[PDB]
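The data below hold one chain only, encoded as structure tokens and taken in the form solved without its partner chain.
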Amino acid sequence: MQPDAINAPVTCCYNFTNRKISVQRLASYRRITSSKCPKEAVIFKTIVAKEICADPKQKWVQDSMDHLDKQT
């Protein structure tokens, strides 16, 4: 068990949505920090609980994270 963490699976984004998603449709997000993934990416979780990959290089993404951060 001990070091087996080094071998766990990693969740990554390979395809991104190109359509901006209204911030009231979004519930929360997580930014991909594993270096194993091919690219920078944000996984938004929508109000209905589906997860969608977005590109943090696009402005709407950055704003959305900022909105979600102040939201309790």
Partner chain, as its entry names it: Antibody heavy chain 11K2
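Numbering follows the first chain given and starts at 1.
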52-60 or 19-27, whichever carries the higher mean Cα B-factor: 19-27
Hey, which bit's got the bigger mean C-alpha B factor in the entry, 2-10 or 61-69? 2-10
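The same protein also has a form solved in complex with its partner chain, omitted here; what follows describes it.
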Would you mind checking 34-58 for residues with a heavy atom within 4.5 Å of its partner chain in the deposited bound form? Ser35, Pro38, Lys39, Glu40, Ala41, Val42, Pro56, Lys57
